[PDB]
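For the sequence shown, my numbering begins at 416 and goes up steadily by one. In what follows, a single structure is set out as structure tokens and then discussed.
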Amino acid sequence: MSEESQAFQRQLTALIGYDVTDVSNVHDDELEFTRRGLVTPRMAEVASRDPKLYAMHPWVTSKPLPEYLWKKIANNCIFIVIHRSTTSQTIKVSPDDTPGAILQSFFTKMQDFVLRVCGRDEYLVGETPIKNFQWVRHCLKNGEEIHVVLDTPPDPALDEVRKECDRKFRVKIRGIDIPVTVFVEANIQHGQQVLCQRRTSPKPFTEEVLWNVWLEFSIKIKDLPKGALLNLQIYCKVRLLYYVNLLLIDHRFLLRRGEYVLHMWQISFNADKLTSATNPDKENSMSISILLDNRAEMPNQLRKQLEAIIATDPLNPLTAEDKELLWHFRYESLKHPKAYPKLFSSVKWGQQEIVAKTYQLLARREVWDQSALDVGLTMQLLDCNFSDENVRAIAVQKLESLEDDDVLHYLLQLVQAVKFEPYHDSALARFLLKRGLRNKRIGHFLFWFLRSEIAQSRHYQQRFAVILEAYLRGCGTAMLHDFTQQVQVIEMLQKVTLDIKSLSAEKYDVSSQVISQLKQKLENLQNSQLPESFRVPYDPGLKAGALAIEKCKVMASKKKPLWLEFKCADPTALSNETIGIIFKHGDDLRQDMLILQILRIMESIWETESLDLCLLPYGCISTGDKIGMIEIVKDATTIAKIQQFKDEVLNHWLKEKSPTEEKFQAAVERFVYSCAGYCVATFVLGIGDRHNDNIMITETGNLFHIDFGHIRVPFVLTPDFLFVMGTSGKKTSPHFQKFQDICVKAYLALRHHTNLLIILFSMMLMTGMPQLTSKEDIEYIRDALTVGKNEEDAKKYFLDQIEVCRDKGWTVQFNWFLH
Ligand SMILES: COc1ccc2c(c1)c(/C=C1\Oc3cc(O)cc(O)c3C1=O)c1n2CCNC1
């Protein structure tokens, strides 16, 4: 409409945190072009969504049930408790039973009714054995009673959506211009690969430097591959100071032609360096001007050598020899899906004819389309090393086959993977969009993962923003309402975190002018702004309402984060236990998100091989620059705050918090499990050496790391843990022979997915850890995983580690103390 369309786009702009209608920072219509283009995908998914299963969004997995979780249910029977008003009864169910089965069973024993979960916004519905729901599978993990309130199915009317040449390519470098030696290096890149490179003559380094030079390259105009970047860089002794890119071929297949004034990025190897976006800070940024006016058999020994190349890790560099060997035998390599990354990385993309052949390869592709989806393999074809629409599209095609349970597992990295797409509209984008709209849960975390970057990343906010809007216009009017509240809450509570922080610096400790000011500001919100109830952004199912002013402190840390607690705004909550958020400024929680996400993935791995290291990957979302919220683990304490250089303290503290030897032997169990998991998970990611301050433990033995900021001893295994494990400097015990038992059993489980991990660790570095990431930085996880060696001298390798941490004891922790 007029004002009604303006109000709708005004709302969308407020939810996004960025204006997608703004054009004061483009030089084409690709961002606009994408908006119009993504409509069809949007409308198609919206059209074909089961309104009932959508509103209720059953969180389900089609995976088996772990050995350990089969034990809890030792009778092919499961106890589910149903409530109505204040009514209550207990039903015995078969693991292979159905929501409908059990429901009808209750009615006949004692329509239009559905089983909702107690305290949450979770639904136990669908044609799935209830031994396949996540909530049910969760209770069993923590040994709990599946409480379920029975009421009416929610109205889908709420999820409603509103009505809508053969010349050598040459480029002239006019000159650079900055408000307040030097030369220019104009590369033609294609997926990290450099095809041609031309520099300008060195000149004095002043605010305005002109060359008026035509830079001819070695490449024809037809040899230019779609997705090729013109990478303009600026060097001074000598160092890279400014970079900017420009897609040689545009979003509509046209060869770019004309005059360009480009504002660059300055520095201070990663994902930010291949963006088609220009610095929007015209007032301060450097500028740059340019002109565009343009079968058979195979020998035994050779097969052997080809099969050795295809076996190596994804970080193993390809020799020229290797590459030519791959490409001469492409049809024998196509037999093997695990040879695809290396195959297309051995393609000369700077040759029209070759690329032509390559597309002839992807014609079929019979074997690829028939391979059991290898996610670790699919990720490799979506990284920086690949920029061919067709290559990346066979990876996205392979993603189309996983359940929603797995999309959630990788949503974060797939979203960050968008940073590698050359164009805005892409198989990947449209996929995150298609899958988000179809599942309420995915759409939720999608929102916050995009908003995370749209708000603190100038390099990509424009692209992500066009994608977010795409999702918002088809998520539902019920989802929109929700999001608007969540945005207001963090918008308010962030004010309070920054305002409070400026009232005190290091050495501030805490004074009661703050304990008065803080508990005075939570009023303004409570009685005016703060909504009656807002959905928790790290746990969608949990609604939180009123505040708990009394229990809201201001952490006495090196900086000032908040300790907020809320009352569950849901009446039917099984018990009482506040929801605690920690609003923090000063750290980058986008690095935390990444580690926590990989932690969840290591769980799923350990799950396939029936292990349970009971990790504690708490929720953690990044809201803005250097600011975000964390989920407060209940009944947890720091080892540091536990000793405030003694060993027995841990045991005393556990026993103190554990009434009976039974509820204490579990506290040493949960401890040994959680301890092994965190010792392995950490050693692999190279974030092993921590301080006693950055490790916590619940009153029930569960150990868990925190604050993975910018993170001598392979990992924290101090004698204080050992005392709990009944061991003292060099002596051996059962719980310690059980410790080495769990560890190696888990460490090897990960080595079975070396390829997957490596690609996530790699990508994580490029999209999450700034700035320059060496090729040597990644080389770590290889050795940390011991690529190659059998499960023999590999387990031995790891068991050497466990020993170092014992023969070091407190050494490092004490050295940490020195400041
Ligand atoms: C994570 O759940 C917690 C439970 C209790 C907690 C904390 C967290 C926490 C502090 C923190 O947690 C964090 C988790 C992160 O990913 C990143 C961070 O920068 C932090 C952090 O600064 C403190 N306490 C007890 C009272 N002093 C401090």
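We treat Cβ as the ideally placed atom computed from N, Cα and C, and that holds for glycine.
Consider the C-beta atom of residue i and the heavy atoms of ligand 1; say whether any pair is separated by less than 8 Å.
i: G1124; result: yes
i: residue 1237; result: No statement about residue 1237 is possible, as the shown extent of the chain runs from 416 to 1234 and does not include it.
i: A1051; result: yes
i: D1002; result: yes
i: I1016; result: no
i: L1011; result: yes
i: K936; result: no
i: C1035; result: yes
i: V1131; result: no
i: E1046; result: yes
i: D1007; result: yes
i: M1179; result: no
i: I1054; result: no
i: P946; result: no
i: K587; result: no
i: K999; result: yes
i: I1121; result: yes
i: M970; result: yes
Residue j and residue i - do their beta-carbons sit closer together than 9 Å?
i: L644; j: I588; result: no
i: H839; j: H666; result: yes
i: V770; j: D803; result: yes
i: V595; j: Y650; result: no
i: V1227; j: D1122; result: no
i: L908; j: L979; result: yes
i: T793; j: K813; result: yes
i: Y825; j: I1010; result: no
i: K1072; j: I1042; result: no
i: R614; j: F632; result: no
i: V529; j: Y538; result: yes
i: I1157; j: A1091; result: yes
i: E460; j: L848; result: yes
i: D820; j: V475; result: yes
i: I725; j: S748; result: yes
i: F1119; j: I1112; result: yes
i: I996; j: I930; result: no
i: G642; j: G606; result: yes
i: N660; j: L689; result: yes
i: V624; j: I591; result: yes
i: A1161; j: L1014; result: no
i: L829; j: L797; result: yes
i: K757; j: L733; result: yes
i: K1210; j: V1128; result: no
Using a Cβ-Cβ cut-off of 9 Å, state whether residue i counts as contacting chain C.
i: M525; result: Within the model displayed, chain C is absent; a lone protein chain is all it includes.
What residue from the options has the CA that sits closest to residue i's CA?
i: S1148; options: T1201, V1087, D1108 and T1115; result: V1087
i: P986; options: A961, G1001 and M1008; result: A961
i: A984; options: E965, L945 and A971; result: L945
i: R845; options: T1115, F898, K910 and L883; result: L883
i: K635; options: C580, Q604, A422 and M525; result: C580
i: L1132; options: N1107, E836, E1114 and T1023; result: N1107
i: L940; options: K922, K652 and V911; result: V911
i: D527; options: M1008, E868, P569 and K973; result: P569
i: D728; options: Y886, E542 and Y755; result: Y755
i: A470; options: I495, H859 and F981; result: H859
i: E1114; options: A1081, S1143, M1140 and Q775; result: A1081
i: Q831; options: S816, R850, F864 and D914; result: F864
i: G851; options: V822, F835 and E736; result: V822
Just checking residue i against ligand 2 - is the residue's beta carbon closer than 8 Å to any of the ligand's heavy atoms?
i: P976; result: With respect to ligand 2, the structure shown offers nothing to examine, as its ligands consist of ligand 1.
Original post:
Is the number of C-beta pairs between the region 783-794 and the region 1168-1176 that are closer than 8 Å three or more?
Top reply: yes
Original post:
If you pair each beta-carbon of the region 429-444 with each one of the region 503-516, do three or more pairs fall below 8 Å?
Top reply: no
**OP:** May I ask you to verify whether the region 840-849 touches the region 801-808, counting CB pairs closer than 8 Å and requiring at least 3?
**Re:** yes
Original post:
Three or more C-beta pairs closer than 8 Å, one from the region 1124-1142 and one from the region 1064-1081: is that the case here?
Top reply: yes
Original post:
Is the region 561-576 in contact with the region 489-505, if contact means three or more CB pairs nearer than 8 Å?
Top reply: yes
Subject >> the region 733-740 in contact with the region 708-715 per 3-pair CB rule at 8 Å >> reply: no
Original post:
Do the region 1095-1112 and the region 1034-1041 touch if we need at least three Cβ pairs shorter than 8 Å?
Top reply: no
Subject >> Cβ contact check for the region 1021-1029 and the region 1152-1167: 3 or more pairs under 8 Å >> reply: yes
Original post:
Are at least three pairs of beta-carbons, each pair with one atom in the region 877-894 and one in the region 426-435, less than 8 Å apart?
Top reply: yes
Original post:
With contact counted as at least three CB pairs below 8 Å, one residue from each stretch, are the region 886-902 and the region 852-868 in contact?
Top reply: yes
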